[PDB]
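Some notes on the structure that comes next.
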Amino acid sequence: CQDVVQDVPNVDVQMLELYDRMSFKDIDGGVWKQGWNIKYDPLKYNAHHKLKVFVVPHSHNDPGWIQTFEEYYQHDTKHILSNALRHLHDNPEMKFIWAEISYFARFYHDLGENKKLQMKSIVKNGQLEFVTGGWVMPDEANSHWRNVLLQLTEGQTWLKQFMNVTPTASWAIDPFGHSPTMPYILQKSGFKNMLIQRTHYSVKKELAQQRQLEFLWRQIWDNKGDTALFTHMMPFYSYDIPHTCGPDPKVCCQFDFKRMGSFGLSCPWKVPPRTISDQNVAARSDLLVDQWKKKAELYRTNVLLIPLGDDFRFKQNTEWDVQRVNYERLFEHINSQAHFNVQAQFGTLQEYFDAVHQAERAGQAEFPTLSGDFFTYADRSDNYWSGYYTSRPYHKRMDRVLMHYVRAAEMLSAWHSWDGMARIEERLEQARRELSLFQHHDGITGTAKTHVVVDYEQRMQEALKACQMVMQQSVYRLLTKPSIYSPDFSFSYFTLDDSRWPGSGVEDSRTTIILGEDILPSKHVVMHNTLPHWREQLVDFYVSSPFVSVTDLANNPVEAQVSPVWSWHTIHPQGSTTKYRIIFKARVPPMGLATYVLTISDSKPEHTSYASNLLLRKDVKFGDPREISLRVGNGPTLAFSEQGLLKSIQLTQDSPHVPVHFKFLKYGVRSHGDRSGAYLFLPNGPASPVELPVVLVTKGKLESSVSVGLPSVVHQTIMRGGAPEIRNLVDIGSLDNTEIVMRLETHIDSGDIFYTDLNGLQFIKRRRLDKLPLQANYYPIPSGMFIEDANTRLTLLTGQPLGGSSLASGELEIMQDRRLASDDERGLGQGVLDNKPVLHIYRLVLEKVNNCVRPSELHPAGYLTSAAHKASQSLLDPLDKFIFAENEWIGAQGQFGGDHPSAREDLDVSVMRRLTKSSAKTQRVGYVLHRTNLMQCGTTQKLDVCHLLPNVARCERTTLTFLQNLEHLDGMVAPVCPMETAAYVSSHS
Ligand SMILES: CCCCCNC(=O)[C@H]1N[C@H](CO)[C@H](O)[C@@H]1O
Ligand SMILES: [Zn+2]
């Protein structure tokens with residue numbers, strides 16, 4: 001395996017180094033406003049060296065944005081695809097690319113058979129070419145890598161099953177900045193090429209000047225270069241026709257033939273397109289070819305890509321007519337006139353990349369290598385798109401909850417083949433597709449209209465219910481003796497109990513276990529652990545009585561703690577007399593289940609302790625405000641201010657109290673300048689302190705917490721014996737033009753360096769740049785962020801993607817919510833005034849790192865410790881909890897998976913998914929194995945997934961989508977290196 005710590009890759013362009021060297025000066029470049037007046041040598045082209053031009057018609061279809069998925073499908077997309085089918089069938093030399101398989105699948109299944117066969121004919125002959133073939137064109141900032149793979153898999157599985165094609169070229173023209181997680185996944189899924197568009201105007205200018213817009217994009221840690229994927233960055237401001245023919249939009253607009261006649265579109269540069277005729281074709285051709293040759297100067301080959309399309313284009317048959325026939329007139333003229341030294345035709349994306357490859361094999365070009373990312377994007381001046389890292393944070397949090405529920409439901413149900421009457425496959429397909437849809441660059445991003453966000457939320461709620469039904473059926477089957485198991489697939493054997501979604505302060509919907517000395521003294525509960533190692537985790541349930549004790553199914557006592565149930569309502573807490581929280585440590589096998597029993601008694605049982613409660617304000621105890629110190633277990637000691645906010649952490653009895661201060665601050669909106677909206681973050685200066693309360697302290701043997709009711713945030717620090725958990729109930733209410741930030745202040749001498757993650761996959765080094773505005777120094781925090789000096793690190797792990805930074809040495813900060821009264825002129829046509837209360841969850845890990853092997857200061861990556869990685873796993877993939885619904889469970893087993901191997905801590909079974917229905921004579925199960933890289937600080941069984949299930953006939957290493965066999969495995973054993981992701985399919989008789 002490559003060493004990803006001591007060894008630093010050699011790349012031509014390393015993006016952290018580029019940003020340090022770039023001035024980012026917003027100079028007027030002329031007609032190419034953000035570039036320069038391109039010149040070419042007309043003698044470059046001659047009879048011996050021609051320019052080969054591919055005009056690639058396309059239509060950007062958003063799966064929800066201003067309208068819902070179903071609204072756009074009925075009003076726009078079904079007409080685009082019906083016209084594409086008719087026009088490509090009738091016109092064999094016309095071409096069209098299609099990216100969004102969500103829409104293509106919705107359309108194709110509604111076709112009559114004649115039209116399905118006509119559609120297969122234009123795919124088979126290459127006229128209609130799928131690009132990427134994901135369910136959507138996902139966001140790349142907020143999206144988890146697992147959900148990027150899920151939606152890619154959903155689309156590509158659909159294309160393999162129904163069209164027998166697998167795209168190897170990716171098309172991502174609209175996500176708001178770009179992540180190297182995409183080439184990472186694509187290159188492990190058989191891709192050869194990808195295209196991106198929305199990168200910072202300054203980065204486009206800098207790369208254009210060096211002809212570095214085409215590059216072999218490798219991961220920041222990849223010394224060898226085996227992760228590299230050929231990437232094409234488009235050079236101009238937009239993917240629309242005015243910004244895709246060449247550098248002058250006033251000219252390119254005259255070759256968007258929809259912007260004349262009856263269509264109701266026009267050129268804002270005030271020169272209309274004109275119909276191509278014998279009278280004007282020579283002049284129109286010279287104007288267009290001059291644009292193409294200028295654009296060609298930015299690239300290394302004689303093969304040129306000219307996208308032809310825009311949002312929901314090709315909707316009318318007349319639009320197909322005017323674009324096709326006018327371009328045909330131009331091509332017929334250009335190709336017949338030797339003086340241009342051009343061959344021009346309609347083509348596809350793969351056609352372009354194949355031609356570029358051929359030019360490279362011919363010796364025309366050597367491409368540069370690149371690592372890093374393209375965040376944070378700005379399309380003009382200081383308009384950085386760091387707002388959508390936080391917009392609609394309720395749905396951002398919901399994404400991570402549904403991520404986990406899909407994984408758990410697929411895994412729990414994979415262990416068996418299910419009768420079709422159980423409808424396991426239908427519910428898992430529904431859950432996968434609703435989650436996949438939400439990866440769209442107007443879903444998770446929080447950049448859709450309010451009714452479209454409600455449609456995404458309703459879809460995800462239906463997906464969560466679908467996962468609940470599969471999980472509970474699966475648990476009942478796994479833990480009931482087969483001699484007894486006689487299922488009713490409409491029956492609820494278990495109810496799920498989720499402590500963190502939506503959160504009792506957001507939705508008071510947790511089931512209270514009703515116990516009673518008469519009629520029901522005991523209740524069975526069951527924990528699931530989706531991770532492939534033994535896990536101990538505190539769990540809690542609501543119980544109707546405080547007199548409750550816990551056992552396993554062998555009736556061994558389990559130490560427990562009863563806490564009161566508190567709610568927040570000046571802001572003050574109130575205690576429940578209707579319910580109590582029973583808290584105990586669950587021990588669960590790898591990818592397994594464990595059963596416990598809750599039993600009532602008439603008085604305090606032997607093995608249950610009772611938390612004390614102290615209410616501080618300027619039996620429950622009362623007190624004036626004061627600094628407090630707490631320690632749970634062998635865990636750290638935390639000190640809190642008089643306002644209930646952390647002020648210091650003491651890791652061990654013999655270590656110092658290290659200052660770590662939590663603060664809540666607010667950003668505002670500019671009175672005179674551009675206004676923040678769903679996309680843009682345009683703060684009116686540095687954040688100002690929130691004006692501050694009642695402090696609730698609950699002290700227990702197993703769990704303690706400090707909660708404070710602040711304006712807009714109920715802030716809670718929970719201690720269970722290691723890194724604390726932070727929970728913020730965030731209610732921005734009617735605070736128009738406000739963004740609430742949570743900030744950490746320390747003495748860690750981090751200077752201008754900090755680390756944030758990409759897609760939950762990798763940590764990337766960031767440098768704060770005082771030459772850029774505040775909003776440019778905000779990056780996505782999809783799962784964590786850290787700062788460190790020579791001795792000390794602080795890591796904040798998140799249960800939801802938010803925006804954040806380090807705006808000074810020793811600080812971290814992360815945005816909680818934002819309420820914007822104004823539109824930011826990117827097409828949404830509304831601000832963000834539909835906030836609702838959201839429960840955000842974090843872990844806070846202070847560590848000594850002076851005995852850790854860290855990368856050299858030139859390495860562009862950072863790595864978590866064991867502690868911080870487990871903390872993140874605790875947030876994203878907690879134990880699942882099941883309450884048995886009926887009074888008696890005959891044939892109950894105490895455990896499932898006690899024989900499963902407990903894999904090394906850096907290895908995860910990200911995906912387990914049965915790929916075949918019960919009717920298949922050969923059953924197949926797919927696994928995705930991810931190995932992270934953890935820092936070695938001087939602090940298990942081999943996992944062979946092909947042997948997890950019996951009667952294995954075959955073990956294959958596959959692409960991550962499971963669609964191609966890469967390697968038949970010896971002895972049917974599944975081997976993976978640090979920072980590598982591998983997929984395996986096991987086949988069974
Ligand atoms: C500014 C009005 C014209 C909008 C053109 N369309 C876009 O800018 C695309 N980006 C949007 C992001 O929300 C949306 O996905 C659309 O596909
Ligand atoms: Zn879009």
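Identifiers in the structure tokens: chain A, B, ... in order shown; residue index from 1 per chain; ligand index from 1 in order shown.
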- prompt: Can you list, as a list in words, every protein, DNA or RNA residue that comes within 9 Å of residue 419 in chain A when you count only C-alpha atoms, leaving out same-chain residues fewer than 6 positions away?
  reply: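 In the requested format, the answer is residues 917, 918 and 919 of chain A.
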task: Taking only C-alpha atoms and all ligand atoms into account, report as a list in words which residues have an atom no farther than 6 Å from an atom of ligand 1.
output: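 Here is the list of contacting residues: residues 62, 174, 311, 442, 447, 825, 826 and 827 of chain A.
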For N, CA and C atoms, I'd like the residues from the last selection saved as a short mmCIF file (atom, residue, chain, number, x, y, z; two decimals), in the first residue's frame.
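That gives us result-v1.cif:
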```
data_model
loop_
_atom_site.label_atom_id
_atom_site.label_comp_id
_atom_site.auth_asym_id
_atom_site.auth_seq_id
_atom_site.Cartn_x
_atom_site.Cartn_y
_atom_site.Cartn_z
N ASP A 62 -33.33 20.09 -13.96
CA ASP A 62 -33.26 20.05 -12.49
C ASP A 62 -34.34 19.17 -11.91
N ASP A 174 -23.48 22.10 -13.30
CA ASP A 174 -24.18 23.03 -12.40
C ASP A 174 -23.86 22.98 -10.90
N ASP A 311 -31.00 25.40 -19.61
CA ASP A 311 -32.03 24.82 -18.72
C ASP A 311 -33.27 24.40 -19.51
N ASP A 442 -30.12 21.19 -6.10
CA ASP A 442 -31.12 22.07 -5.44
C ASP A 442 -31.84 21.34 -4.29
N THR A 447 -31.48 25.19 -1.88
CA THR A 447 -31.63 26.27 -2.88
C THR A 447 -32.91 26.09 -3.71
N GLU A 825 -30.41 36.68 -6.55
CA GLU A 825 -30.35 36.88 -8.03
C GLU A 825 -29.65 35.72 -8.74
N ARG A 826 -29.86 34.50 -8.24
CA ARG A 826 -29.30 33.29 -8.89
C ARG A 826 -30.44 32.42 -9.40
N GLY A 827 -31.66 32.96 -9.41
CA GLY A 827 -32.80 32.30 -10.06
C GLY A 827 -33.87 31.80 -9.12
#
```
- prompt: Could you state the separation of CA of residue 527 in chain A and CA of residue 552 in chain A in Å, given to one decimal place?
  reply: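 Going from CA of residue 527 in chain A over to CA of residue 552 in chain A, I get 11.6 Å.
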Counting only C-alpha atoms and all ligand atoms, what are the residues, protein, DNA or RNA alike, that approach ligand 2 to within 9 Å? I want them as a CSV table (one decimal) with C-alpha atoms, in the first residue's frame.
```csv
chain,number,residue,atom,x,y,z
A,60,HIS,CA,-30.1,20.9,-18.1
A,61,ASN,CA,-33.0,19.3,-16.2
A,62,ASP,CA,-33.3,20.0,-12.5
A,63,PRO,CA,-35.0,17.2,-10.5
A,64,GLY,CA,-36.8,20.0,-8.4
A,65,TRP,CA,-35.9,23.7,-8.0
A,137,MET,CA,-26.3,15.6,-10.9
A,173,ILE,CA,-22.2,21.6,-15.4
A,174,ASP,CA,-24.2,23.0,-12.4
A,175,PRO,CA,-23.0,22.0,-8.8
A,311,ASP,CA,-32.0,24.8,-18.7
A,440,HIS,CA,-29.6,17.0,-6.4
A,441,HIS,CA,-27.8,20.4,-6.5
A,442,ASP,CA,-31.1,22.1,-5.4
```
message: Using only C-alpha atoms, can you tell me which of A:694, A:589, A:387, A:879 comes closest to residue 669 in chain A?
response: A:387
message: Quick check for you: according to DSSP on this backbone, which residues of range 138-271 of chain A are classed as alpha helix (DSSP H)? Reply as number ranges by chain.
response: A: 145-163, 181-187, 201-209, 249-252
- prompt: Got a sec: who's within 12 Å of residue 675 in chain A, counting only C-alpha atoms, leaving out chain neighbours fewer than 4 positions off, as a list in words?
  reply: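 Non-adjacent residues within range: residues 382, 383, 384, 387, 668, 669, 670, 671, 679, 680, 681, 682, 683, 684, 737, 738, 819, 820, 821, 822, 823, 824, 825, 826, 830, 831 and 832 of chain A.
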N, CA, C and O atoms of the current selection, written as a short mmCIF file (atom, residue, chain, number, x, y, z; two decimals), in the first residue's frame:
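Generated file (out09.cif):
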```
data_model
loop_
_atom_site.label_atom_id
_atom_site.label_comp_id
_atom_site.auth_asym_id
_atom_site.auth_seq_id
_atom_site.Cartn_x
_atom_site.Cartn_y
_atom_site.Cartn_z
N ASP A 382 -17.28 39.54 -5.39
CA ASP A 382 -17.09 38.92 -4.06
C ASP A 382 -18.23 37.99 -3.74
O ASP A 382 -18.54 37.70 -2.57
N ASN A 383 -18.94 37.56 -4.79
CA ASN A 383 -20.17 36.78 -4.55
C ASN A 383 -19.80 35.30 -4.39
O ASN A 383 -19.83 34.54 -5.39
N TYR A 384 -19.29 34.92 -3.22
CA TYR A 384 -18.91 33.53 -2.89
C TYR A 384 -20.14 32.76 -2.42
O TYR A 384 -20.98 33.22 -1.60
N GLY A 387 -23.14 30.38 1.30
CA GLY A 387 -24.43 30.34 1.99
C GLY A 387 -25.08 28.96 1.91
O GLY A 387 -25.66 28.46 2.92
N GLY A 668 -24.97 39.55 9.88
CA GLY A 668 -26.04 40.31 9.21
C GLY A 668 -25.85 40.40 7.70
O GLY A 668 -25.01 39.66 7.13
N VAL A 669 -26.74 41.17 7.10
CA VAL A 669 -26.86 41.38 5.63
C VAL A 669 -26.50 42.84 5.34
O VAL A 669 -26.68 43.71 6.25
N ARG A 670 -25.89 43.07 4.19
CA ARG A 670 -25.43 44.42 3.76
C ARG A 670 -26.64 45.30 3.48
O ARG A 670 -27.66 44.87 2.86
N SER A 671 -26.54 46.52 3.99
CA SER A 671 -27.56 47.57 3.78
C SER A 671 -27.48 48.12 2.36
O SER A 671 -28.53 48.47 1.83
N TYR A 679 -27.95 31.12 -1.68
CA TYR A 679 -26.66 30.72 -2.28
C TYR A 679 -25.49 31.46 -1.65
O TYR A 679 -24.46 30.84 -1.26
N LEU A 680 -25.60 32.80 -1.67
CA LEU A 680 -24.46 33.68 -1.36
C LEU A 680 -24.45 33.99 0.13
O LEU A 680 -25.49 34.30 0.72
N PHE A 681 -23.23 34.03 0.67
CA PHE A 681 -22.96 34.55 2.03
C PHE A 681 -22.23 35.87 1.87
O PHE A 681 -21.09 35.85 1.44
N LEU A 682 -22.89 36.99 2.20
CA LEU A 682 -22.34 38.36 1.96
C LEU A 682 -22.46 39.14 3.28
O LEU A 682 -23.30 40.03 3.41
N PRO A 683 -21.67 38.74 4.29
CA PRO A 683 -21.83 39.33 5.62
C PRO A 683 -21.48 40.82 5.60
O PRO A 683 -20.65 41.24 4.80
N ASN A 684 -22.12 41.56 6.51
CA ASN A 684 -21.93 43.01 6.73
C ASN A 684 -20.91 43.19 7.84
O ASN A 684 -21.24 43.89 8.84
N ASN A 737 -32.63 38.39 8.23
CA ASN A 737 -31.29 38.87 7.82
C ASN A 737 -30.30 38.59 8.94
O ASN A 737 -29.49 39.48 9.28
N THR A 738 -30.36 37.37 9.47
CA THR A 738 -29.49 36.89 10.56
C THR A 738 -28.91 35.50 10.22
O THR A 738 -29.65 34.67 9.70
N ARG A 819 -31.40 33.15 8.03
CA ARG A 819 -32.73 33.63 7.63
C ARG A 819 -32.50 34.89 6.81
O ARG A 819 -31.97 35.86 7.37
N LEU A 820 -32.82 34.86 5.51
CA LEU A 820 -32.48 35.95 4.57
C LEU A 820 -33.79 36.47 3.97
O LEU A 820 -34.51 35.69 3.34
N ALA A 821 -34.06 37.77 4.13
CA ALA A 821 -35.29 38.39 3.59
C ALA A 821 -35.18 38.61 2.08
O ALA A 821 -36.25 38.68 1.43
N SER A 822 -33.99 38.70 1.50
CA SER A 822 -33.83 39.07 0.07
C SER A 822 -33.38 37.89 -0.80
O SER A 822 -32.75 36.95 -0.31
N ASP A 823 -33.74 37.98 -2.07
CA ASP A 823 -33.24 37.08 -3.14
C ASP A 823 -31.82 37.49 -3.52
O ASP A 823 -31.50 38.69 -3.58
N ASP A 824 -30.95 36.51 -3.86
CA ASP A 824 -29.55 36.81 -4.24
C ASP A 824 -29.34 36.64 -5.75
O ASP A 824 -28.20 36.54 -6.18
N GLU A 825 -30.41 36.68 -6.55
CA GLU A 825 -30.35 36.88 -8.03
C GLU A 825 -29.65 35.72 -8.74
O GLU A 825 -29.00 35.95 -9.80
N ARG A 826 -29.86 34.50 -8.24
CA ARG A 826 -29.30 33.29 -8.89
C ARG A 826 -30.44 32.42 -9.40
O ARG A 826 -30.15 31.27 -9.85
N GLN A 830 -36.61 34.02 -4.31
CA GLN A 830 -37.09 34.18 -2.91
C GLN A 830 -35.84 34.20 -2.02
O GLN A 830 -34.79 33.71 -2.46
N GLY A 831 -35.91 34.83 -0.85
CA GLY A 831 -34.88 34.61 0.16
C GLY A 831 -35.13 33.27 0.84
O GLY A 831 -35.70 32.35 0.21
N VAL A 832 -34.74 33.19 2.10
CA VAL A 832 -34.92 32.02 2.99
C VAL A 832 -35.65 32.49 4.26
O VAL A 832 -35.02 33.02 5.17
#
```
task: Compile the contact shell of residue 300 in chain A as a list in words: residues with an atom at most 8 Å away, counting only C-alpha atoms, same-chain residues fewer than 2 positions apart removed.
output: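 Final neighbour list, sorted by chain and number: residues 211, 296, 297, 298, 302, 364, 365, 366 and 367 of chain A.
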field: Neighbour list for residue 84 in chain A as a PyMOL selection string, cut-off 12 Å, only C-alpha atoms, skip fewer than 6 positions in-chain
entry: chain A and resi 57-59+77-78+90-92+94-98+104+107+115+118-119+122-123+127-129+313-321+324
message: I need the residue nearest residue 890 in chain A from this list: A:585, A:524, A:931, A:198. Use only C-alpha atoms for the distance.
response: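 That would be A:524, the residue with the smallest distance to residue 890 in chain A.
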Contacts of residue 388 in chain A at 9 Å or less, counting only C-alpha atoms, minus same-chain residues fewer than 6 places along, as a PDB file with C-alpha atoms, in the first residue's frame?
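Here's the written file selection-v3.pdb:
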```
ATOM      1  CA  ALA A 141     -20.215  20.307  -1.153  1.00  0.00           C
ATOM      2  CA  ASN A 142     -22.853  18.990   1.348  1.00  0.00           C
ATOM      3  CA  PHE A 176     -21.694  25.098  -6.985  1.00  0.00           C
ATOM      4  CA  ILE A 444     -29.452  19.085   0.002  1.00  0.00           C
ATOM      5  CA  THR A 445     -28.110  22.527  -1.009  1.00  0.00           C
ATOM      6  CA  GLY A 446     -31.265  24.250   0.377  1.00  0.00           C
ATOM      7  CA  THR A 447     -31.626  26.267  -2.884  1.00  0.00           C
ATOM      8  CA  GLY A 677     -29.631  34.722  -0.108  1.00  0.00           C
ATOM      9  CA  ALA A 678     -29.925  30.887  -0.232  1.00  0.00           C
ATOM     10  CA  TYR A 679     -26.658  30.715  -2.282  1.00  0.00           C
ATOM     11  CA  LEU A 680     -24.463  33.679  -1.357  1.00  0.00           C
ATOM     12  CA  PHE A 681     -22.964  34.549   2.033  1.00  0.00           C
ATOM     13  CA  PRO A 780     -18.207  23.109   3.493  1.00  0.00           C
ATOM     14  CA  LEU A 802     -22.976  23.122   7.596  1.00  0.00           C
ATOM     15  CA  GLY A 803     -20.687  26.027   6.551  1.00  0.00           C
TER      16      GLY A 803
END
```
message: Please compute the CA of residue 375 in chain A-CA of residue 177 in chain A distance, one decimal, in Å.
response: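 These atoms are spaced 5.4 Å apart.
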message: At a cut-off of 10 Å, using only C-alpha atoms, what residues contact residue 556 in chain A? Leave out same-chain residues fewer than 4 positions from it and give the result as a ChimeraX atom specification.
response: /A:550-552,596-597
Any chance you can output those residues with N, CA and C atoms as an mmCIF file, in the first residue's frame?
```cif
data_model
loop_
_atom_site.group_PDB
_atom_site.id
_atom_site.type_symbol
_atom_site.label_atom_id
_atom_site.label_comp_id
_atom_site.auth_asym_id
_atom_site.auth_seq_id
_atom_site.Cartn_x
_atom_site.Cartn_y
_atom_site.Cartn_z
ATOM 1 N N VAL A 550 -32.601 -2.950 34.265
ATOM 2 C CA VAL A 550 -32.232 -3.473 32.924
ATOM 3 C C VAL A 550 -31.504 -4.781 33.112
ATOM 4 N N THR A 551 -31.815 -5.749 32.250
ATOM 5 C CA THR A 551 -31.093 -7.030 32.175
ATOM 6 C C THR A 551 -30.855 -7.397 30.711
ATOM 7 N N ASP A 552 -29.935 -8.309 30.462
ATOM 8 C CA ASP A 552 -29.909 -9.032 29.163
ATOM 9 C C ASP A 552 -30.961 -10.136 29.194
ATOM 10 N N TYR A 596 -32.145 -6.637 25.223
ATOM 11 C CA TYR A 596 -32.223 -6.272 26.657
ATOM 12 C C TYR A 596 -33.674 -6.214 27.101
ATOM 13 N N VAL A 597 -33.895 -6.236 28.420
ATOM 14 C CA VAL A 597 -35.253 -6.257 29.023
ATOM 15 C C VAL A 597 -35.323 -5.117 30.034
#
```
message: From the options A:817, A:625, A:834, A:374, which residue's atoms come nearest to residue 776 in chain A, counting only C-alpha atoms?
response: A:374
field: Interatomic distance, CA of residue 418 in chain A to CA of residue 526 in chain A (Å, one decimal)
entry: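 Computed distance, CA of residue 418 in chain A to CA of residue 526 in chain A, equals 21.3 Å.
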Those of range 431-626 of chain A in DSSP strand (DSSP E or B), formatted as a PyMOL selection string: chain A and resi 440+480+494-496+512-513+516+520+522-529+535-543+548-552+557-558+560-568+573-588+592-600+608-610+612-616+621-623
Using the selection just defined, write its residues with C-alpha atoms as an mmCIF file, in the first residue's frame.
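Once everything was written out, this is selection.cif:
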```
data_model
loop_
_atom_site.group_PDB
_atom_site.id
_atom_site.type_symbol
_atom_site.label_atom_id
_atom_site.label_comp_id
_atom_site.auth_asym_id
_atom_site.auth_seq_id
_atom_site.Cartn_x
_atom_site.Cartn_y
_atom_site.Cartn_z
ATOM 1 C CA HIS A 440 -29.567 17.010 -6.414
ATOM 2 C CA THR A 480 -36.871 -15.309 16.411
ATOM 3 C CA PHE A 494 -41.000 -3.395 16.719
ATOM 4 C CA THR A 495 -41.284 0.399 16.884
ATOM 5 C CA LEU A 496 -38.036 2.336 16.248
ATOM 6 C CA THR A 512 -43.043 6.024 26.035
ATOM 7 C CA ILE A 513 -42.676 2.359 27.135
ATOM 8 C CA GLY A 516 -47.148 -1.713 35.030
ATOM 9 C CA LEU A 520 -47.042 -5.471 31.489
ATOM 10 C CA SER A 522 -41.284 -5.993 31.279
ATOM 11 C CA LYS A 523 -40.453 -4.923 27.704
ATOM 12 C CA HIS A 524 -37.870 -6.388 25.222
ATOM 13 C CA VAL A 525 -35.685 -3.821 23.380
ATOM 14 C CA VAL A 526 -33.127 -4.581 20.660
ATOM 15 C CA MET A 527 -30.032 -2.631 19.503
ATOM 16 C CA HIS A 528 -28.514 -2.932 15.977
ATOM 17 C CA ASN A 529 -24.862 -2.068 15.231
ATOM 18 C CA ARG A 535 -19.535 -1.584 19.986
ATOM 19 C CA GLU A 536 -20.574 -0.377 23.419
ATOM 20 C CA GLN A 537 -22.784 2.787 23.374
ATOM 21 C CA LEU A 538 -25.133 4.292 26.019
ATOM 22 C CA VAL A 539 -28.764 4.010 24.812
ATOM 23 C CA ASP A 540 -31.881 5.657 26.333
ATOM 24 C CA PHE A 541 -35.620 4.862 26.276
ATOM 25 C CA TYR A 542 -38.677 6.726 27.576
ATOM 26 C CA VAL A 543 -40.339 4.677 30.391
ATOM 27 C CA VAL A 548 -36.977 0.450 36.023
ATOM 28 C CA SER A 549 -34.043 -1.966 35.920
ATOM 29 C CA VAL A 550 -32.232 -3.473 32.924
ATOM 30 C CA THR A 551 -31.093 -7.030 32.175
ATOM 31 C CA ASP A 552 -29.909 -9.032 29.163
ATOM 32 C CA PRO A 557 -28.185 -7.162 35.605
ATOM 33 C CA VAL A 558 -27.040 -4.103 33.595
ATOM 34 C CA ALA A 560 -28.614 1.882 34.418
ATOM 35 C CA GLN A 561 -29.357 5.532 35.155
ATOM 36 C CA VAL A 562 -32.780 7.246 35.290
ATOM 37 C CA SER A 563 -32.900 10.910 34.288
ATOM 38 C CA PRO A 564 -35.942 13.192 34.193
ATOM 39 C CA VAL A 565 -37.380 14.221 30.785
ATOM 40 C CA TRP A 566 -36.811 18.005 30.356
ATOM 41 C CA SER A 567 -38.290 20.377 27.721
ATOM 42 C CA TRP A 568 -37.630 24.096 27.021
ATOM 43 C CA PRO A 573 -36.925 24.127 31.297
ATOM 44 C CA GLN A 574 -39.745 21.941 32.809
ATOM 45 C CA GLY A 575 -39.585 18.318 34.034
ATOM 46 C CA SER A 576 -42.002 15.557 32.943
ATOM 47 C CA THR A 577 -44.003 13.536 35.510
ATOM 48 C CA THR A 578 -45.458 11.454 32.552
ATOM 49 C CA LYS A 579 -42.065 9.874 31.560
ATOM 50 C CA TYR A 580 -38.431 9.162 32.544
ATOM 51 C CA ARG A 581 -35.283 8.271 30.564
ATOM 52 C CA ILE A 582 -33.668 4.898 31.343
ATOM 53 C CA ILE A 583 -29.992 4.937 30.204
ATOM 54 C CA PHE A 584 -27.655 1.924 29.944
ATOM 55 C CA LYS A 585 -24.618 0.627 27.997
ATOM 56 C CA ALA A 586 -25.582 -1.684 25.121
ATOM 57 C CA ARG A 587 -22.962 -4.172 23.908
ATOM 58 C CA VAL A 588 -23.678 -5.222 20.286
ATOM 59 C CA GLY A 592 -25.240 -7.445 14.814
ATOM 60 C CA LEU A 593 -28.103 -7.293 17.334
ATOM 61 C CA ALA A 594 -28.425 -7.495 21.138
ATOM 62 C CA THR A 595 -31.628 -7.926 23.223
ATOM 63 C CA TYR A 596 -32.223 -6.272 26.657
ATOM 64 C CA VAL A 597 -35.253 -6.257 29.023
ATOM 65 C CA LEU A 598 -36.712 -3.224 30.898
ATOM 66 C CA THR A 599 -38.549 -4.378 34.129
ATOM 67 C CA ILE A 600 -40.767 -2.227 36.450
ATOM 68 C CA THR A 608 -30.388 1.764 38.665
ATOM 69 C CA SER A 609 -28.972 5.140 39.866
ATOM 70 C CA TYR A 610 -30.871 8.477 39.757
ATOM 71 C CA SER A 612 -29.456 14.856 40.460
ATOM 72 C CA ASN A 613 -30.766 18.068 38.797
ATOM 73 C CA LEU A 614 -29.592 21.647 39.535
ATOM 74 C CA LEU A 615 -31.398 24.729 38.100
ATOM 75 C CA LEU A 616 -29.130 27.881 38.047
ATOM 76 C CA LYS A 621 -31.962 21.832 43.566
ATOM 77 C CA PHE A 622 -31.845 25.636 42.874
ATOM 78 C CA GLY A 623 -28.853 28.052 42.853
#
```
message: I need the residue nearest residue 752 in chain A from this list: A:231, A:806, A:2, A:335. Use only C-alpha atoms for the distance.
response: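 Nearest to residue 752 in chain A: A:806.
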